[PDB]
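Structure first, then comments.
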Amino acid sequence: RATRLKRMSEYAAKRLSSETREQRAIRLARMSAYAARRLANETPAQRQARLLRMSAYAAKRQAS
DNA sequence: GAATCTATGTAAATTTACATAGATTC
């Protein structure tokens, strides 16, 4: 696992550092579309858990 | 406070694209 995960991270990082502007823009656009649909399709339970995590993070940022 | 976007990790189909956590933007 560690040997696989380390090598996976190396491959990913290597791809990322060599991305063209266009490749990065595409990847980010796809991620923002993915997040937006996840947000659109959230259940009431998922929404509540998310808002609680976000308030926890905000409080944490506030304290440091 | 909450919407929105993104850096990071890695499950699943070497490379894609998913998924989470958390950072930014409003």
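No hydrogens, no waters, no symmetry mates; every other heavy atom, side chains included, goes into these values. Below, chains carry the letters A, B, ... as their sequence lines are ordered, and counting in each starts from 1.
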Check your understanding: Just by distance, with hydrogens left out, do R53(A) and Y57(A) show a side-chain donor and acceptor under 3.5 Å apart?
Key -> no
Exercise for review: Please state how far atom CG in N41(A) lies from atom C1' in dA3(B), giving the value in whole angstrom units.
Suggested key: 15 Å
Revision key, fill the gap. By nearest-nucleotide position on DNA chain B, the 5'-leaning member of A29(A) and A58(A) is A58(A)
Exercise for review: Quick one, give me the B/S/- string for nucleotides 16-26 of chain B, reading 5' to 3', where B means a protein heavy atom under 4.0 Å from the base and S means that only happens at the primed atoms, P, OP1 or OP2.
Suggested key: B-SBB-SBS--
Practice item. Determine the interatomic distance between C1' on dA19(B) and the same-named atom on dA13(B); round to the nearest Å. Key: 16 Å
Check your understanding: Could you state the CD-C1' distance from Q46(A) to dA3(B), rounded to the nearest angstrom?
Key -> 16 Å
Point to revise | Between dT6(B) (P) and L16(A) (CG): distance, integer Å | key: 14 Å
Revision key, fill the gap. To the nearest 0.5 Å, atom CD of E19(A) lies from atom CD1 of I26(A) at 9.0 Å
Check your understanding: Is it true that a side-chain atom of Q46(A) and a backbone atom of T43(A) form a donor plus acceptor pair closer than 3.5 Å?
Key -> yes
**Study point:** Inter-residue atom distance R4(A).CZ - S9(A).OG, 0.5 Å rounding
**Key:** 10.0 Å
Exercise for review: List in chain and number order the residues that pass side-chain hydrogen bond (donor to acceptor under 3.5 Å, both in side chains) with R30(A), two or more places apart in sequence or in another chain; answer none if no residue qualifies.
Suggested key: none
Check your understanding: Among the nucleotides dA11(B), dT6(B), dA3(B), which one has an atom lying closest to any side-chain atom of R4(A)?
Key -> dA11(B)
Point to revise | For atom CG of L39(A) and atom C1' of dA3(B), their distance in whole Å | key: 6 Å
**Study point:** Spacing between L52(A) atom CG and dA3(B) atom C1', to the nearest angstrom
**Key:** 16 Å
Check your understanding: Taking atom CD of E42(A) and atom CZ of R38(A), what is their separation to the nearest 0.5 Å?
Key -> 8.0 Å
Exercise for review: Measure the spacing between CG of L16(A) and OH of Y11(A) and express it to the nearest 0.5 Å.
Suggested key: 10.5 Å
Practice item. Examine distances only and state if a side-chain atom of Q62(A) and a backbone atom of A59(A) form a donor-acceptor pair shorter than 3.5 Å. Key: no
Point to revise | Rounded distance in Å - NZ (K14(A)) to P (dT15(B)) | key: 11 Å
Check your understanding: For DNA chain B, which consecutive runs of 3 or more Watson-Crick or G-U pairs (each distance under 3.5 Å) count as stems?
Key -> B:1-12 with B:15-26
Study note, to complete from the structure: When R50(A) and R27(A) are each assigned the nearest nucleotide of DNA chain B, the 5'-most assignment goes to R50(A)
Study note, to complete from the structure: Between CD1 of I26(A) and P of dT6(B) the distance, given in whole Å, is 14 Å
Check your understanding: Within less than 4.0 Å of OP1 or OP2 of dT6(B), is there a side-chain N or O belonging to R24(A)?
Key -> no
Exercise for review: Return no unless some side-chain N or O of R47(A) is found under 4.0 Å from OP1 or OP2 of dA2(B).
Suggested key: no
Point to revise | Minimum heavy-atom distance between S32(A) and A29(A), given as atom pair plus value | key: OG-O, 3.0 Å
Exercise for review: Answer yes or no: does a side-chain N or O of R1(A) lie under 4.0 Å from OP1 or OP2 of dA11(B)?
Suggested key: yes
Point to revise | Approximate separation, where rounding is to 0.5 Å, of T20(A) OG1 and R27(A) CZ | key: 10.5 Å
Practice item. Go through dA3(B), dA11(B), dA7(B) for me and flag the one nearest to the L28(A) side chain. Key: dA7(B)
